[PDB]
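Next up, query.txt (compact mmCIF, C-alpha atoms and all ligand atoms):
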# COMPACT_ATOMS: atom_id res chain seq x y z
CA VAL A 1 18.53 -16.59 17.24
CA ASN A 2 20.00 -13.10 16.79
CA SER A 3 20.57 -10.08 19.04
CA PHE A 4 17.88 -7.73 17.69
CA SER A 5 15.63 -6.83 20.62
CA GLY A 6 12.20 -5.26 20.94
CA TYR A 7 11.16 -5.77 17.32
CA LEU A 8 7.55 -6.41 16.36
CA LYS A 9 7.27 -9.38 14.01
CA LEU A 10 5.28 -8.43 10.90
CA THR A 11 5.69 -11.51 8.68
CA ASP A 12 7.74 -14.69 8.43
CA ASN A 13 10.82 -12.58 7.62
CA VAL A 14 10.11 -8.87 8.34
CA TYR A 15 10.42 -7.17 11.74
CA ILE A 16 9.90 -3.50 12.66
CA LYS A 17 10.72 -1.03 15.44
CA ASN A 18 10.56 2.70 16.20
CA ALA A 19 14.28 3.44 16.37
CA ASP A 20 17.17 5.41 14.91
CA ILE A 21 19.10 3.03 12.63
CA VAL A 22 22.33 4.64 13.88
CA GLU A 23 21.53 3.74 17.49
CA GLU A 24 20.38 0.25 16.48
CA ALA A 25 23.66 -0.22 14.62
CA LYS A 26 25.84 1.01 17.49
CA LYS A 27 24.10 -1.36 19.92
CA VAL A 28 23.74 -4.48 17.76
CA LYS A 29 26.75 -4.24 15.41
CA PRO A 30 24.92 -6.25 12.72
CA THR A 31 26.58 -8.07 9.87
CA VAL A 32 24.86 -5.71 7.41
CA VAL A 33 23.43 -2.23 7.90
CA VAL A 34 21.61 -0.77 4.90
CA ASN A 35 22.23 2.85 3.92
CA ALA A 36 19.59 4.85 2.06
CA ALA A 37 22.17 5.98 -0.50
CA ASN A 38 22.08 8.13 -3.61
CA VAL A 39 23.90 7.27 -6.84
CA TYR A 40 26.87 9.51 -5.98
CA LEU A 41 27.23 8.12 -2.44
CA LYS A 42 27.03 11.71 -1.14
CA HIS A 43 25.91 11.08 2.43
CA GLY A 44 24.55 14.50 3.28
CA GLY A 45 21.34 13.97 5.24
CA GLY A 46 18.69 11.51 6.28
CA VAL A 47 19.82 7.96 7.00
CA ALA A 48 23.00 8.48 4.99
CA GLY A 49 24.07 11.72 6.65
CA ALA A 50 23.39 10.23 10.08
CA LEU A 51 25.28 6.99 9.41
CA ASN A 52 28.21 8.87 7.91
CA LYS A 53 28.37 11.29 10.86
CA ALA A 54 28.51 8.31 13.23
CA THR A 55 31.58 7.03 11.31
CA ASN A 56 33.36 10.39 11.74
CA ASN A 57 33.18 10.83 7.91
CA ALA A 58 35.08 7.58 7.22
CA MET A 59 32.07 6.31 5.25
CA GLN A 60 32.25 9.37 2.98
CA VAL A 61 36.02 9.02 2.45
CA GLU A 62 35.61 5.36 1.48
CA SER A 63 32.63 6.20 -0.73
CA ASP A 64 34.50 8.93 -2.61
CA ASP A 65 37.22 6.42 -3.51
CA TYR A 66 34.55 3.92 -4.60
CA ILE A 67 32.95 6.48 -6.95
CA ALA A 68 36.30 7.64 -8.31
CA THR A 69 37.03 4.03 -9.31
CA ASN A 70 33.60 2.76 -10.36
CA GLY A 71 31.39 5.73 -11.18
CA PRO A 72 27.87 6.25 -9.86
CA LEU A 73 25.49 3.51 -8.85
CA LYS A 74 22.22 2.89 -10.69
CA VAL A 75 18.90 3.88 -9.16
CA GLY A 76 17.70 0.53 -7.82
CA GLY A 77 21.30 -0.66 -7.42
CA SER A 78 23.68 -1.19 -4.54
CA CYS A 79 27.24 -1.76 -3.45
CA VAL A 80 28.80 -3.41 -0.40
CA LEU A 81 31.31 -1.28 1.51
CA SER A 82 32.67 -1.30 5.03
CA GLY A 83 30.35 -0.92 7.99
CA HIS A 84 33.10 0.97 9.86
CA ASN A 85 32.28 1.17 13.59
CA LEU A 86 28.57 0.43 13.00
CA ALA A 87 28.42 -3.01 11.34
CA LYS A 88 30.62 -5.47 9.51
CA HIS A 89 29.34 -4.26 6.13
CA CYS A 90 27.22 -1.41 4.83
CA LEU A 91 24.95 -2.23 1.90
CA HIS A 92 24.44 1.12 0.15
CA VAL A 93 21.10 0.83 -1.68
CA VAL A 94 19.66 3.50 -3.97
CA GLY A 95 15.89 3.73 -3.86
CA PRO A 96 14.17 6.10 -6.27
CA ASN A 97 13.87 9.72 -5.23
CA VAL A 98 10.26 10.74 -5.87
CA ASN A 99 11.28 14.40 -5.82
CA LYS A 100 13.60 13.76 -8.79
CA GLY A 101 10.82 12.15 -10.85
CA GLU A 102 12.45 8.73 -10.52
CA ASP A 103 10.33 5.65 -11.21
CA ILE A 104 8.75 4.28 -8.02
CA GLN A 105 8.74 0.84 -9.68
CA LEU A 106 12.50 0.92 -9.07
CA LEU A 107 11.75 0.57 -5.36
CA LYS A 108 11.17 -3.15 -5.89
CA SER A 109 14.52 -3.46 -7.68
CA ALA A 110 16.15 -1.62 -4.76
CA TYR A 111 14.71 -4.03 -2.20
CA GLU A 112 15.83 -7.05 -4.28
CA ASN A 113 19.40 -6.20 -3.24
CA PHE A 114 18.49 -7.24 0.31
CA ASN A 115 17.99 -10.85 -0.85
CA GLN A 116 21.76 -11.24 -1.27
CA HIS A 117 22.16 -11.04 2.54
CA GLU A 118 20.72 -13.46 5.09
CA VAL A 119 20.03 -10.81 7.77
CA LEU A 120 19.98 -6.99 7.56
CA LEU A 121 19.24 -3.91 9.65
CA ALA A 122 17.58 -1.50 7.25
CA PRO A 123 15.42 1.62 6.75
CA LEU A 124 12.30 1.85 4.60
CA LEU A 125 13.88 2.84 1.29
CA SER A 126 12.63 5.85 -0.68
CA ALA A 127 10.75 7.15 2.40
CA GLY A 128 11.88 10.05 4.57
CA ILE A 129 13.73 12.73 2.61
CA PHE A 130 13.52 10.59 -0.57
CA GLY A 131 9.83 11.50 -0.92
CA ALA A 132 7.86 8.23 -0.97
CA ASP A 133 5.09 7.12 1.37
CA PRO A 134 6.59 4.82 4.06
CA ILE A 135 3.40 2.72 4.01
CA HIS A 136 4.12 1.90 0.37
CA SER A 137 7.82 1.28 1.06
CA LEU A 138 6.84 -1.23 3.76
CA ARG A 139 4.47 -3.13 1.47
CA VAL A 140 7.12 -3.40 -1.26
CA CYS A 141 9.62 -4.56 1.36
CA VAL A 142 7.33 -7.31 2.65
CA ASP A 143 6.45 -8.43 -0.89
CA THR A 144 10.07 -8.40 -2.18
CA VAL A 145 12.54 -9.23 0.59
CA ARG A 146 12.75 -12.92 1.47
CA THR A 147 15.74 -12.74 3.81
CA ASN A 148 15.45 -11.57 7.42
CA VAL A 149 15.07 -7.80 7.62
CA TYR A 150 14.92 -5.67 10.78
CA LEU A 151 13.46 -2.24 10.00
CA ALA A 152 14.26 0.84 12.10
CA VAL A 153 11.62 3.56 11.63
CA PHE A 154 12.86 6.94 12.87
CA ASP A 155 9.48 8.66 13.44
CA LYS A 156 7.16 7.35 16.17
CA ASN A 157 4.03 8.81 14.56
CA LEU A 158 4.74 7.13 11.21
CA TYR A 159 5.75 3.87 12.92
CA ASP A 160 2.41 3.68 14.74
CA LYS A 161 0.74 4.37 11.40
CA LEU A 162 2.83 1.68 9.70
CA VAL A 163 1.92 -0.91 12.31
CA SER A 164 -1.76 0.01 12.56
CA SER A 165 -2.42 -0.26 8.81
CA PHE A 166 -0.44 -3.45 8.17
CA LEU A 167 -2.77 -6.47 8.36
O1 LIG B 1 12.74 5.74 8.95
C1 LIG B 1 12.57 6.67 7.91
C2 LIG B 1 13.97 7.08 7.26
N1 LIG B 1 14.90 7.80 8.13
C3 LIG B 1 15.62 7.23 9.16
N2 LIG B 1 15.30 5.95 9.52
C4 LIG B 1 16.00 5.37 10.54
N3 LIG B 1 17.00 5.88 11.27
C5 LIG B 1 17.28 7.15 10.85
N4 LIG B 1 18.32 7.87 11.49
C6 LIG B 1 18.31 9.13 10.81
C7 LIG B 1 17.35 9.15 9.82
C8 LIG B 1 16.67 7.91 9.83
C9 LIG B 1 11.68 6.05 6.82
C10 LIG B 1 10.30 5.66 7.37
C11 LIG B 1 9.57 6.85 7.98
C12 LIG B 1 10.44 7.57 9.01
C13 LIG B 1 11.83 7.90 8.48
CL CL B 2 15.09 10.49 6.22
Written as structure tokens, that's how I'd like the structure from this file.
Ligand SMILES: OC1(CNc2ncnc3[nH]ccc23)CCCCC1
Ligand SMILES: [Cl-]
Amino acid sequence: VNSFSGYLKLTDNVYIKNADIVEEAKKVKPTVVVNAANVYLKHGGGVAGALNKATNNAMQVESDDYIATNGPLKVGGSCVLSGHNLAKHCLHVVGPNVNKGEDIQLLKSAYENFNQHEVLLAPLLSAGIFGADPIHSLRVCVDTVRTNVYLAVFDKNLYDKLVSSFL
């Protein structure tokens, strides 16, 4: 039993809700919140900009030190950093950016990072401002993630579409 409330069960291990991941994080304080990161950990907009704003820019300050030490992430890769006031940890995961010509096959690699964590609050990677179809992101999620994932979908219209077309 966990404290996620109001989620629609989609499969054995995937749950979904129309919500802002920032608000879900502030209410639940999960062990792991997933950020829809880019390779430079520049949290300007979308999920990343919203999460970083909620940390009063502490996420960005920590991220800049991470990059200065380690260099950029790989597309499909991830790193674990602090969750600040939103979660214990933030798993920064880089899905491919369709607008940059990046390989959508890397979306599966991106979701594989979730399997290193027993329970996560997460967005549909590569969707939103990253350019991919959220319906596709959801199918890759369900077919790749084996740990327990709670998805927060920001847009009500797309959520209803994601639910309606699922089975
Ligand atoms: O959910 C997405 C990605 N974008 C966000 N998701 C959750 N919470 C958020 N807070 C700010 C942005 C944001 C991907 C699926 C279709 C709708 C948009
Ligand atoms: Cl977005």
| said: Show me, as JSON, numbers by chain, the residues that have an atom within 7 Å of residue 31 (chain A) when counting all atoms listed in the file, minus same-chain residues fewer than 4 positions from it. | reply: {"A": [87, 88, 89]}
Which residues are near ligand LIG 1 (chain B) in this structure, taking near to mean any atom at most 7 Å from a ligand atom and counting all atoms listed in the file? Format them as a PDB file with C-alpha atoms, keeping the file's coordinate frame.
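Contents of result.pdb, freshly written:
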ATOM      1  CA  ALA A  19      14.280   3.440  16.370  1.00  0.00           C
ATOM      2  CA  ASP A  20      17.170   5.410  14.910  1.00  0.00           C
ATOM      3  CA  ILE A  21      19.100   3.030  12.630  1.00  0.00           C
ATOM      4  CA  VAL A  22      22.330   4.640  13.880  1.00  0.00           C
ATOM      5  CA  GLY A  46      18.690  11.510   6.280  1.00  0.00           C
ATOM      6  CA  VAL A  47      19.820   7.960   7.000  1.00  0.00           C
ATOM      7  CA  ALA A  50      23.390  10.230  10.080  1.00  0.00           C
ATOM      8  CA  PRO A 123      15.420   1.620   6.750  1.00  0.00           C
ATOM      9  CA  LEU A 124      12.300   1.850   4.600  1.00  0.00           C
ATOM     10  CA  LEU A 125      13.880   2.840   1.290  1.00  0.00           C
ATOM     11  CA  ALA A 127      10.750   7.150   2.400  1.00  0.00           C
ATOM     12  CA  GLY A 128      11.880  10.050   4.570  1.00  0.00           C
ATOM     13  CA  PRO A 134       6.590   4.820   4.060  1.00  0.00           C
ATOM     14  CA  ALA A 152      14.260   0.840  12.100  1.00  0.00           C
ATOM     15  CA  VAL A 153      11.620   3.560  11.630  1.00  0.00           C
ATOM     16  CA  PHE A 154      12.860   6.940  12.870  1.00  0.00           C
ATOM     17  CA  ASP A 155       9.480   8.660  13.440  1.00  0.00           C
ATOM     18  CA  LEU A 158       4.740   7.130  11.210  1.00  0.00           C
ATOM     19  CA  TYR A 159       5.750   3.870  12.920  1.00  0.00           C
TER      20      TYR A 159
END
| Contacts of region 138-149 of chain A at 12 Å or less, counting all atoms listed in the file, minus same-chain residues fewer than 2 places along, as an MDAnalysis selection string? | chainID A and resid 1:2 4 7:17 30:34 95 104:127 132:136 151:153 158:159 161:163 165:167
I need the residues from that last selection saved to file as a CSV table (one decimal), in the coordinates of the input (with C-alpha atoms), if you can.
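File produced: part-v7.csv:
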chain,number,residue,atom,x,y,z
A,1,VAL,CA,18.5,-16.6,17.2
A,2,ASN,CA,20.0,-13.1,16.8
A,4,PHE,CA,17.9,-7.7,17.7
A,7,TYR,CA,11.2,-5.8,17.3
A,8,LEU,CA,7.6,-6.4,16.4
A,9,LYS,CA,7.3,-9.4,14.0
A,10,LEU,CA,5.3,-8.4,10.9
A,11,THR,CA,5.7,-11.5,8.7
A,12,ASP,CA,7.7,-14.7,8.4
A,13,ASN,CA,10.8,-12.6,7.6
A,14,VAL,CA,10.1,-8.9,8.3
A,15,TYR,CA,10.4,-7.2,11.7
A,16,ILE,CA,9.9,-3.5,12.7
A,17,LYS,CA,10.7,-1.0,15.4
A,30,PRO,CA,24.9,-6.2,12.7
A,31,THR,CA,26.6,-8.1,9.9
A,32,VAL,CA,24.9,-5.7,7.4
A,33,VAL,CA,23.4,-2.2,7.9
A,34,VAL,CA,21.6,-0.8,4.9
A,95,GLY,CA,15.9,3.7,-3.9
A,104,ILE,CA,8.8,4.3,-8.0
A,105,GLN,CA,8.7,0.8,-9.7
A,106,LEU,CA,12.5,0.9,-9.1
A,107,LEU,CA,11.8,0.6,-5.4
A,108,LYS,CA,11.2,-3.2,-5.9
A,109,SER,CA,14.5,-3.5,-7.7
A,110,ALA,CA,16.2,-1.6,-4.8
A,111,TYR,CA,14.7,-4.0,-2.2
A,112,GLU,CA,15.8,-7.0,-4.3
A,113,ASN,CA,19.4,-6.2,-3.2
A,114,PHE,CA,18.5,-7.2,0.3
A,115,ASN,CA,18.0,-10.8,-0.8
A,116,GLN,CA,21.8,-11.2,-1.3
A,117,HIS,CA,22.2,-11.0,2.5
A,118,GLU,CA,20.7,-13.5,5.1
A,119,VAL,CA,20.0,-10.8,7.8
A,120,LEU,CA,20.0,-7.0,7.6
A,121,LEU,CA,19.2,-3.9,9.6
A,122,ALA,CA,17.6,-1.5,7.2
A,123,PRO,CA,15.4,1.6,6.8
A,124,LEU,CA,12.3,1.8,4.6
A,125,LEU,CA,13.9,2.8,1.3
A,126,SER,CA,12.6,5.8,-0.7
A,127,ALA,CA,10.8,7.2,2.4
A,132,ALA,CA,7.9,8.2,-1.0
A,133,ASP,CA,5.1,7.1,1.4
A,134,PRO,CA,6.6,4.8,4.1
A,135,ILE,CA,3.4,2.7,4.0
A,136,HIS,CA,4.1,1.9,0.4
A,151,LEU,CA,13.5,-2.2,10.0
A,152,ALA,CA,14.3,0.8,12.1
A,153,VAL,CA,11.6,3.6,11.6
A,158,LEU,CA,4.7,7.1,11.2
A,159,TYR,CA,5.8,3.9,12.9
A,161,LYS,CA,0.7,4.4,11.4
A,162,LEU,CA,2.8,1.7,9.7
A,163,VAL,CA,1.9,-0.9,12.3
A,165,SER,CA,-2.4,-0.3,8.8
A,166,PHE,CA,-0.4,-3.4,8.2
A,167,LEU,CA,-2.8,-6.5,8.4
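Among the candidate residues A:48, A:73, A:94, A:41, the one lying nearest to ligand CL 2 (chain B) is A:48, with distances computed using only C-alpha atoms and all ligand atoms.
Counting all atoms listed in the file and comparing A:84, A:38, A:78, A:131, the residue that lies closest to ligand CL 2 (chain B) is A:131.
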| said: I'd like to know which of A:92, A:103, A:97, A:68 is closest to ligand CL 2 (chain B), using all atoms listed in the file. | reply: A:97
| Which is closer to ligand CL 2 (chain B) than all the others in A:80, A:61, A:51, A:86, using only C-alpha atoms and all ligand atoms? |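 Going through A:80, A:61, A:51, A:86 one by one, the smallest distance to ligand CL 2 (chain B) is for A:51.
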| task | Quick one: everything within 12 Å of residue 49 (chain A), counting only C-alpha atoms, minus sequence neighbours fewer than 2 positions away in the same chain. Send it as number ranges by chain. | result | A: 21-22, 35-38, 41-47, 51-60, 129
Output file for the residues above (C-alpha atoms, as a short mmCIF file (atom, residue, chain, number, x, y, z; two decimals), in the coordinates of the input):
data_model
loop_
_atom_site.label_atom_id
_atom_site.label_comp_id
_atom_site.auth_asym_id
_atom_site.auth_seq_id
_atom_site.Cartn_x
_atom_site.Cartn_y
_atom_site.Cartn_z
CA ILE A 21 19.10 3.03 12.63
CA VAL A 22 22.33 4.64 13.88
CA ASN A 35 22.23 2.85 3.92
CA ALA A 36 19.59 4.85 2.06
CA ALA A 37 22.17 5.98 -0.50
CA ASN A 38 22.08 8.13 -3.61
CA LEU A 41 27.23 8.12 -2.44
CA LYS A 42 27.03 11.71 -1.14
CA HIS A 43 25.91 11.08 2.43
CA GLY A 44 24.55 14.50 3.28
CA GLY A 45 21.34 13.97 5.24
CA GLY A 46 18.69 11.51 6.28
CA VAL A 47 19.82 7.96 7.00
CA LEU A 51 25.28 6.99 9.41
CA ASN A 52 28.21 8.87 7.91
CA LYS A 53 28.37 11.29 10.86
CA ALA A 54 28.51 8.31 13.23
CA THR A 55 31.58 7.03 11.31
CA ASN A 56 33.36 10.39 11.74
CA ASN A 57 33.18 10.83 7.91
CA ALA A 58 35.08 7.58 7.22
CA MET A 59 32.07 6.31 5.25
CA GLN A 60 32.25 9.37 2.98
CA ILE A 129 13.73 12.73 2.61
#
Calculate, to one decimal in Å, the centre and edge lengths of the box along x, y and z of the file that holds all listed atoms of region 145-159 of chain A with 5 Å of margin on each side, and present them as AutoDock Vina command-line options.
--center_x 9.9 --center_y -2.1 --center_z 8.4 --size_x 21.7 --size_y 31.7 --size_z 25.6
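The interatomic distance for the pair CA of residue 74 (chain A) and CA of residue 39 (chain A) works out to 6.1 Å.
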| Which of A:91, A:3, A:130, A:65 sits closest to ligand CL 2 (chain B) [using all atoms listed in the file] |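 The answer is A:130, which sits nearest to ligand CL 2 (chain B).
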| field | Point-to-point distance from CA of residue 26 (chain A) to CA of residue 6 (chain A), Å rounded to tenths | value |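 Separation between CA of residue 26 (chain A) and CA of residue 6 (chain A): 15.4 Å.
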| task | Mind giving me the straight-line distance from CA of residue 62 (chain A) to CA of residue 90 (chain A) in Å, one decimal? | result |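 Taking CA of residue 62 (chain A) as the start and CA of residue 90 (chain A) as the end point, the length is 11.3 Å.
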